[PDB]
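Consider the single chain below, provided in structure tokens and representing the form deposited in one PDB entry.
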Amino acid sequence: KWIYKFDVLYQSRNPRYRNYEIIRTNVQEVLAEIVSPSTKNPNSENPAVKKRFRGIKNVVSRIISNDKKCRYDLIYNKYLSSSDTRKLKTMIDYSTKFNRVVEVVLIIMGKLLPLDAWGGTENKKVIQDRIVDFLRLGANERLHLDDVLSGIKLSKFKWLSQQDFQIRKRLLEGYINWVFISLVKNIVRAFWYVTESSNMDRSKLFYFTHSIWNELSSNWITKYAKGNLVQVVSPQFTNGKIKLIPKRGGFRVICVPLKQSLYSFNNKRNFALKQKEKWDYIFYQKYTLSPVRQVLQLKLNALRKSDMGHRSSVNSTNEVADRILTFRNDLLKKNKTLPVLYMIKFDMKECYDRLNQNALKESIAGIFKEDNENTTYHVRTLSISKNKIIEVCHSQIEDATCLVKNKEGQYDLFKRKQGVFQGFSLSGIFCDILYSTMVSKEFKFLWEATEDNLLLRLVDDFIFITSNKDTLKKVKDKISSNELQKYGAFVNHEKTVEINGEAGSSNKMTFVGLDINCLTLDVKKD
């Protein structure tokens, strides 16, 4: 509940390890952090505390000296160099193994802290185990200080109610806190870019050396920017910071929205903006962005109970199984026994990147077609007009800007050629509006006499089940053509799978981790 892990993540560097220093503060600055972390004025304490300053200063001075003497360039070459420029199949295989991360961190701690700074031999093992625990923490996990101190013998820290034994405790709390916050965290940020994988669990962190991470990220960005981005030398909250997340062979490109303007982000520490800009973002989120996100979702649900075209969009794996079993029971009413069924699954290539912006605007306009320009809406009450919806959506689509941190620590700007950024507040609902509009227009023949046809959309994955072999031909014709490219939906033809119940080497199909039997329509998990 005291020592956090998230603030070591996503730290990109370009370090020179020859003549490198972990501790950037002097001995007096550290003494303030240990003794009075809140006030940062240790001279105000009563003399029972100040008499311990010399013993604390000498220990810190030895740690600071050991830091200046430590040859981190040699430690990197021996343990982290890995100078083998061949390629690997998965990105997380470029990361340093977790055992090697622990070994590097504990070796540096051994070269920084003398035995008496650890509190003796027995306490050194205890603190080392707690350092490993901190390294095993997930992105949203934390470690409590009293958890660390519960295994520490205070009496062994000779350099330091009677009020003597209460001062020793507080000094131990402040010192141990300084070890984790300022030494252990700075060691991690000095050698690794810490991030989580696209494999959902955030409790599994991966540690990439800054040398290999800068090569992998920059190579991917220059590739990705060619087909998706346009550099802007030019400049409501439409700016974001690019964040790459390793995905099996490549990266997932995420644009984390800036909660400030580009001015407050540029300068390091202008505070006269930060506190007031916070309110500008809150009022935009509460009174502009949320009503837009709600009215868009409400209009979508309104077409989710009026038209079959939008009815075909689902949101979870279990929701697919529920609509399939319902489709099975609907067939067991028209036939009294399951007929021969035909199944096909297909998916779109990079639905968010290839999304056609012009067709998206027509879709958003299409769901506000029965309203006048003066129309107003009320949400849980908050007021917002149809025009304000269109204005917010157009700025999110057309004015989206991302910041890419390149090799030398600079910051270049980019807009999108087509598509929408992942991570923006309306990107998901945008893709839902466009794809539902596409399914409602292009697959209109399915919705006539729907008692023998089933189409389901998990956002970029499609499954189609039918008892009509002719209708299966119409669906195969629609996806094999390029008529869906108008919307930016490019069928991934290599992953299009088709099975049916007449014959064939298989009667099973896995779609979202469900295992579907085209004979019985029984669906189990995979």
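In this text, residue numbers run from 1 along the sequence as written. Note that the rigid core is defined as the largest set of C-alphas that superpose within 1.5 Å between two forms.
Asker: Residues with no coordinates between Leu160 and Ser161 in the deposited sequence, how many: none, 1 to 3, 4 to 9, or 10 or more?
Answerer: In the record, 4 to 9 residues between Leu160 and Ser161 lack coordinates.
Asker: Our gap detector needs a label for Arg380 to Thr381. Which class matches the unmodelled residues of the deposited sequence there: none, 1 to 3, 4 to 9, or 10 or more?
Answerer: In the record, 10 or more residues between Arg380 and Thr381 lack coordinates.
Asker: Which is higher on average in the deposited entry, the C-alpha temperature factors of 418-426 or of 273-281?
Answerer: The entry gives the higher C-alpha B-factor average to 273-281.
Asker: Report the stretch with the higher mean CA temperature factor, choosing between 79-87 and 394-402 on the basis of the entry.
Answerer: It is 79-87 that shows the higher mean C-alpha B-factor.
Asker: So if I compare the CA B-factors in the entry for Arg248, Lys124, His210, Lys345, which one is the largest?
Answerer: The C-alpha B-factor peaks, among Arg248, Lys124, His210, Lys345, at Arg248.
Asker: Just to confirm, going by the entry's C-alpha B-factors, which of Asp129, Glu370, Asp353, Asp116 comes out highest?
Answerer: Top of the list by C-alpha B-factor: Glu370.
Asker: Name the third of the chain's ranked CA B-factors that contains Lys444, choosing lowest, middle or highest.
Answerer: Highest third.
Asker: What third of the chain, by the recorded C-alpha B-factor, contains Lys1?
Answerer: Middle third.
Asker: When the deposited Cα B-factors of this chain's modelled residues are ordered and cut into thirds, is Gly488 in the lowest, the middle or the highest one?
Answerer: Lowest third, going by the recorded CA B-factors of the chain.
Asker: Considering every modelled residue of the chain and its Cα B-factor in the PDB entry, is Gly501 in the lowest, middle or highest third?
Answerer: Middle third, going by the recorded CA B-factors of the chain.
Asker: Would the CA B-factor of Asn58 place it in the lowest, middle or highest third of its chain?
Answerer: Lowest third - that is where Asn58 ends up once the chain's C-alpha B-factors are sorted.
There is another form of this protein, the form deposited in another entry, and it is not shown here; the text below is about that form.
Asker: Which residue, chosen from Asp93, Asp146, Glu370, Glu398, moves its CA by 2 Å or more between the shown form and the other one under a rigid core superposition?
Answerer: Looking at each option in turn, only one qualifies, and it is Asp146.
Asker: For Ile64, state whether the C-alpha moves by 2 Å or more between the shown form and the other one after rigid core superposition.
Answerer: Yes, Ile64 moves 2 Å or more.
Asker: After a core superposition, would you say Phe421 shifts its C-alpha by at least 2 Å between the shown form and the other one?
Answerer: No; that C-alpha moves by less than 2 Å between the shown form and the other one.
Asker: Any CA movement of 2 Å or more for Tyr435 between the shown form and the other one, core superposed?
Answerer: No; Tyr435 is a residue whose C-alpha shifts by less than 2 Å between the shown form and the other one when the cores are overlaid.
Asker: Specify closer or farther for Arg202 and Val459: how their Cα atoms are spaced in the other entry versus the shown form, given a shift of 3 angstroms or more.
Answerer: Closer together, by at least 3 Å.
Asker: Since the Cα-Cα distance for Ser505 and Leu472 shifts by 3 angstroms or more in the other entry, is it a contraction (closer) or an expansion (farther)?
Answerer: It is closer: in the other entry, the C-alpha atoms of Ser505 and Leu472 lie at least 3 Å nearer than they do here.
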